[PDB]
Amino acid sequence: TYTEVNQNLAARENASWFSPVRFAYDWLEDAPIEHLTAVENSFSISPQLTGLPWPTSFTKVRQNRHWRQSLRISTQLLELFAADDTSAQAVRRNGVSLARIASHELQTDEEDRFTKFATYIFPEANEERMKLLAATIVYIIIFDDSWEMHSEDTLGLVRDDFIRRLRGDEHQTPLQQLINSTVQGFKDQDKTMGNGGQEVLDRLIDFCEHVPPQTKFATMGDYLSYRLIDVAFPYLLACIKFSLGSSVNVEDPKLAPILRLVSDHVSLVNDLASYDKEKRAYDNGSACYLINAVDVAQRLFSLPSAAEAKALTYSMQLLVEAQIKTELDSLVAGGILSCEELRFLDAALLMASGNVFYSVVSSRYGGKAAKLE
Ligand SMILES: [Mg+2]
Ligand SMILES: [Mg+2]
Ligand SMILES: [Mg+2]
């Protein structure tokens with residue numbers, strides 16, 4: 001039902017900022033899981049108290065309050081990209097231009113655009129910092145796979161200009177003007193509180209430059225370390241820190257085990273949710289490859305179908321969830337975590353849980369077939 005889920009999801013006092021749920025995609029629908037048991041600026045959300053599918057042991061999920069005050073910068077960058085004339089000639093290796101990628105995302109409604117991920121995975125950002133984060137989501141959308149293009153290709157010149165614009169290294173088009181404003185916005189927020197603003201741009205530069213390794217893996221860890229690069233996990237962590245105005249050193253070796261587990265969790269959950277979408281892209285030739293943890297597990301262990309592969313990949317997710325809670329409890333018991341460090345770890349798990357909630361209630365992975373009512 002559409003009504004029951006959306007009433008019991010959040011408290012009715014926050015029903016003004018609550019974003020309604022229109023889909024309920026269950027990516028474990030055909031998997032044999034009968035032997036797998038699951039057990040300010042933000043307000044709590046309770047999926048386990050609704051009929052929604054919830055393939056995780058996590059319990060804390062939150063939604064950004066002023067999420068509606070940020071679709072403006074998301075819509076702005078998209079229409080500015082699709083209208084830019086240089087972005088119409090900046091083509092990827094498959095010939096599709098940046099302008100069409102922006103117009104393609106402008107077709108899906110503002111409710112379920114890719115910037116809605118930030119609403120659930122960066123829930124702690126205030127009204128101003130979420131605007132800058134939602135803008136960087138569009139930068140990821142646009143400049144994905146832009147490292148494949150050569151330096152002198154027009155996409156390589158556009159991407160290299162975007163990188164120069166992010167360092168703060170002459171008429172400027174309106175799109176360059178808005179990109180300038182975003183870069184300046186992060187510097188302004190860093191002056192106020194925390195130093196994660198430059199890190200987000202820095203790891204965004206690292207995303208446009210670092211080429212991922214080749215595409216077949218002898219172990220699952222070989223895949224997940226490549227997938228840590230693919231999902232832009234260092235960038236993702238920098239937004240978590242920037243969302244709280246934090247100054248934590250994300251690269252602290254004390255946090256390296258639990259943060260690598262968070263990337264493993266985010267990588268497996270996303271690959272589980274998007275397998276059916278990604279499988280069809282290889283079936284009808286829409287994509288040349290098939291990179292996914294479900295397919296990797298099916299091959300590495302000779303499972304006869306993707307249904308059994310989803311069951312084992314889901315088993316690994318619940319294993320990582322257990323290690324995450326074990327590692328976090330050990331860090332808390334040892335007293336070696338500062339209050340700003342545990343607040344960042346709490347928000348990192350809100351990214352892992354919010355990654356599951358959106359992947360269930362989005363149209364990106366369930367299509368129209370999972371529509372409620
Ligand atoms: Mg991806
Ligand atoms: Mg994917
Ligand atoms: Mg998508």
# chains A, B, ... in the order shown; residues from 1 in each chain; ligands from 1

call {"tool": "residues_near_ligand", "arguments": {"ligand": "ligand 3", "cutoff": "12 Å", "atoms": "only C-alpha atoms and all ligand atoms", "output": "PDB file with N, CA and C atoms, in the first residue's frame"}}
result
ATOM      1  N   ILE A 101      23.665  13.835 -21.479  1.00  0.00           N
ATOM      2  CA  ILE A 101      23.623  13.211 -20.159  1.00  0.00           C
ATOM      3  C   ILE A 101      22.872  14.100 -19.179  1.00  0.00           C
ATOM      4  N   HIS A 104      19.224  13.940 -20.266  1.00  0.00           N
ATOM      5  CA  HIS A 104      18.679  12.641 -19.883  1.00  0.00           C
ATOM      6  C   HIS A 104      18.233  12.640 -18.426  1.00  0.00           C
ATOM      7  N   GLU A 105      19.050  13.208 -17.535  1.00  0.00           N
ATOM      8  CA  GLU A 105      18.677  13.293 -16.129  1.00  0.00           C
ATOM      9  C   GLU A 105      17.562  14.300 -15.890  1.00  0.00           C
ATOM     10  N   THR A 108      13.870  12.327 -15.947  1.00  0.00           N
ATOM     11  CA  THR A 108      13.390  11.772 -14.690  1.00  0.00           C
ATOM     12  C   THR A 108      12.985  12.896 -13.745  1.00  0.00           C
ATOM     13  N   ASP A 112      12.872  11.613  -8.071  1.00  0.00           N
ATOM     14  CA  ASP A 112      13.777  10.473  -8.139  1.00  0.00           C
ATOM     15  C   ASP A 112      14.959  10.736  -9.067  1.00  0.00           C
ATOM     16  N   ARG A 113      15.484  11.958  -9.048  1.00  0.00           N
ATOM     17  CA  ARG A 113      16.756  12.200  -9.706  1.00  0.00           C
ATOM     18  C   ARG A 113      17.890  11.630  -8.856  1.00  0.00           C
ATOM     19  N   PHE A 114      19.072  11.503  -9.466  1.00  0.00           N
ATOM     20  CA  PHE A 114      20.194  10.908  -8.748  1.00  0.00           C
ATOM     21  C   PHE A 114      20.649  11.761  -7.570  1.00  0.00           C
ATOM     22  N   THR A 115      20.322  13.054  -7.561  1.00  0.00           N
ATOM     23  CA  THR A 115      20.655  13.899  -6.421  1.00  0.00           C
ATOM     24  C   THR A 115      19.819  13.582  -5.186  1.00  0.00           C
ATOM     25  N   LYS A 116      18.768  12.768  -5.318  1.00  0.00           N
ATOM     26  CA  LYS A 116      18.004  12.336  -4.153  1.00  0.00           C
ATOM     27  C   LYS A 116      18.800  11.387  -3.268  1.00  0.00           C
ATOM     28  N   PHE A 117      19.880  10.801  -3.790  1.00  0.00           N
ATOM     29  CA  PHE A 117      20.757   9.987  -2.955  1.00  0.00           C
ATOM     30  C   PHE A 117      21.299  10.793  -1.786  1.00  0.00           C
ATOM     31  N   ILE A 140      29.585  14.477 -10.314  1.00  0.00           N
ATOM     32  CA  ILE A 140      29.847  13.052 -10.469  1.00  0.00           C
ATOM     33  C   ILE A 140      29.040  12.491 -11.632  1.00  0.00           C
ATOM     34  N   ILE A 141      27.751  12.840 -11.710  1.00  0.00           N
ATOM     35  CA  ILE A 141      26.905  12.389 -12.813  1.00  0.00           C
ATOM     36  C   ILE A 141      27.524  12.771 -14.155  1.00  0.00           C
ATOM     37  N   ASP A 144      31.502  11.451 -14.976  1.00  0.00           N
ATOM     38  CA  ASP A 144      31.764  10.024 -14.887  1.00  0.00           C
ATOM     39  C   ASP A 144      32.422   9.534 -16.169  1.00  0.00           C
ATOM     40  N   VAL A 231      32.856   3.707  -7.013  1.00  0.00           N
ATOM     41  CA  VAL A 231      31.810   4.463  -6.324  1.00  0.00           C
ATOM     42  C   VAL A 231      32.324   5.767  -5.746  1.00  0.00           C
ATOM     43  N   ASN A 270      24.814  -1.600  -3.362  1.00  0.00           N
ATOM     44  CA  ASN A 270      24.537  -0.992  -4.658  1.00  0.00           C
ATOM     45  C   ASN A 270      24.554  -2.031  -5.773  1.00  0.00           C
ATOM     46  N   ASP A 271      25.527  -2.945  -5.746  1.00  0.00           N
ATOM     47  CA  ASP A 271      25.600  -3.983  -6.771  1.00  0.00           C
ATOM     48  C   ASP A 271      24.426  -4.951  -6.678  1.00  0.00           C
ATOM     49  N   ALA A 273      21.393  -4.075  -5.597  1.00  0.00           N
ATOM     50  CA  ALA A 273      20.205  -3.343  -6.017  1.00  0.00           C
ATOM     51  C   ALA A 273      20.164  -3.133  -7.524  1.00  0.00           C
ATOM     52  N   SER A 274      21.323  -3.041  -8.175  1.00  0.00           N
ATOM     53  CA  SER A 274      21.393  -2.639  -9.573  1.00  0.00           C
ATOM     54  C   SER A 274      21.731  -3.788 -10.515  1.00  0.00           C
ATOM     55  N   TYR A 275      21.729  -5.032 -10.030  1.00  0.00           N
ATOM     56  CA  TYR A 275      22.108  -6.153 -10.885  1.00  0.00           C
ATOM     57  C   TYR A 275      21.124  -6.330 -12.036  1.00  0.00           C
ATOM     58  N   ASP A 276      19.823  -6.343 -11.731  1.00  0.00           N
ATOM     59  CA  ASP A 276      18.818  -6.529 -12.774  1.00  0.00           C
ATOM     60  C   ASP A 276      18.893  -5.421 -13.815  1.00  0.00           C
ATOM     61  N   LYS A 277      19.068  -4.175 -13.370  1.00  0.00           N
ATOM     62  CA  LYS A 277      19.249  -3.071 -14.307  1.00  0.00           C
ATOM     63  C   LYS A 277      20.525  -3.247 -15.121  1.00  0.00           C
ATOM     64  N   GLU A 278      21.617  -3.659 -14.471  1.00  0.00           N
ATOM     65  CA  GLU A 278      22.891  -3.813 -15.164  1.00  0.00           C
ATOM     66  C   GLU A 278      22.943  -5.081 -16.002  1.00  0.00           C
ATOM     67  N   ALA A 281      21.397  -4.247 -19.364  1.00  0.00           N
ATOM     68  CA  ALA A 281      22.290  -3.424 -20.172  1.00  0.00           C
ATOM     69  C   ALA A 281      23.301  -4.259 -20.946  1.00  0.00           C
ATOM     70  N   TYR A 358      17.151   4.358   0.093  1.00  0.00           N
ATOM     71  CA  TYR A 358      16.892   4.970  -1.206  1.00  0.00           C
ATOM     72  C   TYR A 358      16.840   3.917  -2.309  1.00  0.00           C
ATOM     73  N   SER A 359      17.780   2.965  -2.297  1.00  0.00           N
ATOM     74  CA  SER A 359      17.783   1.903  -3.302  1.00  0.00           C
ATOM     75  C   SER A 359      16.500   1.080  -3.284  1.00  0.00           C
ATOM     76  N   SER A 362      13.558   4.002  -4.560  1.00  0.00           N
ATOM     77  CA  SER A 362      13.840   4.737  -5.783  1.00  0.00           C
ATOM     78  C   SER A 362      13.282   4.007  -7.001  1.00  0.00           C
ATOM     79  N   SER A 363      13.136   4.756  -8.089  1.00  0.00           N
ATOM     80  CA  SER A 363      12.783   4.206  -9.388  1.00  0.00           C
ATOM     81  C   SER A 363      14.004   3.790 -10.196  1.00  0.00           C
ATOM     82  N   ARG A 364      15.208   3.988  -9.655  1.00  0.00           N
ATOM     83  CA  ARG A 364      16.425   3.747 -10.424  1.00  0.00           C
ATOM     84  C   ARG A 364      16.684   2.259 -10.626  1.00  0.00           C
ATOM     85  N   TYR A 365      16.233   1.418  -9.696  1.00  0.00           N
ATOM     86  CA  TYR A 365      16.553   0.001  -9.721  1.00  0.00           C
ATOM     87  C   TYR A 365      15.339  -0.912  -9.782  1.00  0.00           C
ATOM     88  N   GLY A 366      14.156  -0.429  -9.414  1.00  0.00           N
ATOM     89  CA  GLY A 366      12.958  -1.242  -9.472  1.00  0.00           C
ATOM     90  C   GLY A 366      12.084  -0.916 -10.663  1.00  0.00           C
ATOM     91  N   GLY A 367      12.361   0.213 -11.312  1.00  0.00           N
ATOM     92  CA  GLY A 367      11.562   0.638 -12.437  1.00  0.00           C
ATOM     93  C   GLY A 367      10.122   0.915 -12.025  1.00  0.00           C
TER      94      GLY A 367
END

call {"tool": "residues_around", "arguments": {"residues": "residue A:322", "least_positions_apart": "4", "cutoff": "12 Å", "atoms": "only C-alpha atoms", "output": "list in words"}}
result
residues 38, 39, 56, 57, 58, 258, 261, 262, 265, 315, 316, 317, 318, 326, 327, 328 and 329 of chain A

call {"tool": "residues_around", "arguments": {"residues": "residue A:106", "least_positions_apart": "4", "cutoff": "10 Å", "atoms": "only C-alpha atoms", "output": "compact mmCIF listing (two decimals) with C-alpha atoms, in the first residue's frame"}}
result
# COMPACT_ATOMS: atom_id res chain seq x y z
CA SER A 74 20.71 20.35 -8.89
CA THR A 75 18.26 21.55 -11.56
CA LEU A 78 21.66 20.16 -15.30
CA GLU A 79 19.94 22.77 -17.48
CA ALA A 82 22.52 20.62 -21.42
CA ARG A 100 22.65 14.77 -23.50
CA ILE A 101 23.62 13.21 -20.16
CA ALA A 102 22.27 16.34 -18.48
CA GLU A 110 12.94 15.82 -9.47
CA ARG A 113 16.76 12.20 -9.71

call {"tool": "closest_residue", "arguments": {"among": "A:4, A:170, A:295, A:160", "to": "ligand 2", "atoms": "only C-alpha atoms and all ligand atoms"}}
result
A:295

call {"tool": "closest_residue", "arguments": {"among": "A:5, A:211, A:293, A:21", "to": "ligand 2", "atoms": "only C-alpha atoms and all ligand atoms"}}
result
A:293

call {"tool": "select_by_dssp", "arguments": {"residues": "stretch 49-287 of chain A", "states": "strand (DSSP E)", "output": "number ranges by chain"}}
result
A: 61-64

call {"tool": "write_last_selection", "arguments": {"atoms": "N, CA and C atoms", "output": "PDB file, in the first residue's frame"}}
result
ATOM      1  N   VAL A  61      18.053   5.156  10.109  1.00  0.00           N
ATOM      2  CA  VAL A  61      17.934   5.815   8.811  1.00  0.00           C
ATOM      3  C   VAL A  61      17.383   7.216   9.038  1.00  0.00           C
ATOM      4  N   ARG A  62      17.917   8.193   8.305  1.00  0.00           N
ATOM      5  CA  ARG A  62      17.505   9.582   8.461  1.00  0.00           C
ATOM      6  C   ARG A  62      17.395  10.251   7.099  1.00  0.00           C
ATOM      7  N   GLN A  63      16.531  11.263   7.026  1.00  0.00           N
ATOM      8  CA  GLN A  63      16.330  12.060   5.825  1.00  0.00           C
ATOM      9  C   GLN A  63      16.692  13.511   6.108  1.00  0.00           C
ATOM     10  N   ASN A  64      17.346  14.148   5.139  1.00  0.00           N
ATOM     11  CA  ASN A  64      17.656  15.566   5.248  1.00  0.00           C
ATOM     12  C   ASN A  64      16.370  16.382   5.335  1.00  0.00           C
TER      13      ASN A  64
END

call {"tool": "atom_distance", "arguments": {"atom1": "atom CA of residue A:149", "atom2": "atom CA of residue A:202"}}
result
20.3 Å

call {"tool": "closest_residue", "arguments": {"among": "A:174, A:53, A:212, A:194", "to": "residue A:249", "atoms": "only C-alpha atoms"}}
result
A:194

call {"tool": "residues_around", "arguments": {"residues": "stretch 232-246 of chain A", "least_positions_apart": "3", "cutoff": "8 Å", "atoms": "only C-alpha atoms", "output": "ChimeraX atom specification"}}
result
/A:122-126,129-130,133,189-190,193-197,199-200,203-204,207,228-229,250,263,340,344,347-348

call {"tool": "residues_around", "arguments": {"residues": "residue A:178", "least_positions_apart": "3", "cutoff": "10 Å", "atoms": "only C-alpha atoms", "output": "ChimeraX atom specification"}}
result
/A:73,76-77,80,135,172-175,181-184

call {"tool": "residues_around", "arguments": {"residues": "residue A:65", "least_positions_apart": "3", "cutoff": "6 Å", "atoms": "only C-alpha atoms", "output": "PyMOL selection string"}}
result
chain A and resi 17+41-42

call {"tool": "write_last_selection", "arguments": {"atoms": "N, CA and C atoms", "output": "PDB file, in the first residue's frame"}}
result
ATOM      1  N   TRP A  17       8.543  18.205   5.906  1.00  0.00           N
ATOM      2  CA  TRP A  17       9.798  17.925   5.222  1.00  0.00           C
ATOM      3  C   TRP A  17       9.925  16.476   4.772  1.00  0.00           C
ATOM      4  N   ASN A  41      18.702  19.250  11.231  1.00  0.00           N
ATOM      5  CA  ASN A  41      18.638  19.145   9.781  1.00  0.00           C
ATOM      6  C   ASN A  41      18.210  17.759   9.316  1.00  0.00           C
ATOM      7  N   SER A  42      17.804  16.883  10.234  1.00  0.00           N
ATOM      8  CA  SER A  42      17.491  15.504   9.888  1.00  0.00           C
ATOM      9  C   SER A  42      16.505  14.930  10.893  1.00  0.00           C
TER      10      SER A  42
END

call {"tool": "residues_around", "arguments": {"residues": "residue A:45", "least_positions_apart": "5", "cutoff": "10 Å", "atoms": "only C-alpha atoms", "output": "VMD selection string"}}
result
chain A and resid 8 to 11 18 59 to 63 120 354 357

call {"tool": "write_last_selection", "arguments": {"atoms": "N, CA and C atoms", "output": "PDB file, in the first residue's frame"}}
result
ATOM      1  N   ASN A   8       3.477   5.670   8.561  1.00  0.00           N
ATOM      2  CA  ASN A   8       4.290   5.062   9.608  1.00  0.00           C
ATOM      3  C   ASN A   8       5.787   5.205   9.363  1.00  0.00           C
ATOM      4  N   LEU A   9       6.197   5.831   8.258  1.00  0.00           N
ATOM      5  CA  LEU A   9       7.620   5.956   7.964  1.00  0.00           C
ATOM      6  C   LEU A   9       8.296   6.938   8.911  1.00  0.00           C
ATOM      7  N   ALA A  10       7.777   8.161   8.993  1.00  0.00           N
ATOM      8  CA  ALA A  10       8.340   9.190   9.852  1.00  0.00           C
ATOM      9  C   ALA A  10       7.252   9.753  10.755  1.00  0.00           C
ATOM     10  N   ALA A  11       7.686  10.421  11.822  1.00  0.00           N
ATOM     11  CA  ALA A  11       6.748  11.063  12.732  1.00  0.00           C
ATOM     12  C   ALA A  11       5.934  12.116  11.991  1.00  0.00           C
ATOM     13  N   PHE A  18       8.976  15.616   5.132  1.00  0.00           N
ATOM     14  CA  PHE A  18       9.051  14.214   4.745  1.00  0.00           C
ATOM     15  C   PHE A  18       8.877  14.070   3.238  1.00  0.00           C
ATOM     16  N   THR A  59      19.466  -0.216  11.568  1.00  0.00           N
ATOM     17  CA  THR A  59      18.209   0.305  12.073  1.00  0.00           C
ATOM     18  C   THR A  59      18.083   1.817  11.982  1.00  0.00           C
ATOM     19  N   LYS A  60      19.194   2.554  11.953  1.00  0.00           N
ATOM     20  CA  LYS A  60      19.165   4.013  11.952  1.00  0.00           C
ATOM     21  C   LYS A  60      19.153   4.516  10.510  1.00  0.00           C
ATOM     22  N   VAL A  61      18.053   5.156  10.109  1.00  0.00           N
ATOM     23  CA  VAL A  61      17.934   5.815   8.811  1.00  0.00           C
ATOM     24  C   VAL A  61      17.383   7.216   9.038  1.00  0.00           C
ATOM     25  N   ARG A  62      17.917   8.193   8.305  1.00  0.00           N
ATOM     26  CA  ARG A  62      17.505   9.582   8.461  1.00  0.00           C
ATOM     27  C   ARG A  62      17.395  10.251   7.099  1.00  0.00           C
ATOM     28  N   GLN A  63      16.531  11.263   7.026  1.00  0.00           N
ATOM     29  CA  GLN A  63      16.330  12.060   5.825  1.00  0.00           C
ATOM     30  C   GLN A  63      16.692  13.511   6.108  1.00  0.00           C
ATOM     31  N   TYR A 120      19.333  11.054   1.522  1.00  0.00           N
ATOM     32  CA  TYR A 120      19.349   9.966   2.490  1.00  0.00           C
ATOM     33  C   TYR A 120      20.750   9.560   2.941  1.00  0.00           C
ATOM     34  N   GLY A 354      21.208   4.646   4.692  1.00  0.00           N
ATOM     35  CA  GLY A 354      20.525   5.481   3.720  1.00  0.00           C
ATOM     36  C   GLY A 354      20.730   5.015   2.293  1.00  0.00           C
ATOM     37  N   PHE A 357      17.944   2.380   2.016  1.00  0.00           N
ATOM     38  CA  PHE A 357      16.582   2.904   1.972  1.00  0.00           C
ATOM     39  C   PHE A 357      16.265   3.502   0.609  1.00  0.00           C
TER      40      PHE A 357
END

call {"tool": "atom_distance", "arguments": {"atom1": "atom CA of residue A:350", "atom2": "atom CA of residue A:368"}}
result
26.8 Å

call {"tool": "closest_residue", "arguments": {"among": "A:333, A:268, A:369, A:287", "to": "ligand 2", "atoms": "only C-alpha atoms and all ligand atoms"}}
result
A:268

call {"tool": "atom_distance", "arguments": {"atom1": "atom CA of residue A:205", "atom2": "atom CA of residue A:118"}}
result
19.3 Å

call {"tool": "closest_residue", "arguments": {"among": "A:55, A:272, A:213, A:345", "to": "residue A:257", "atoms": "only C-alpha atoms"}}
result
A:345
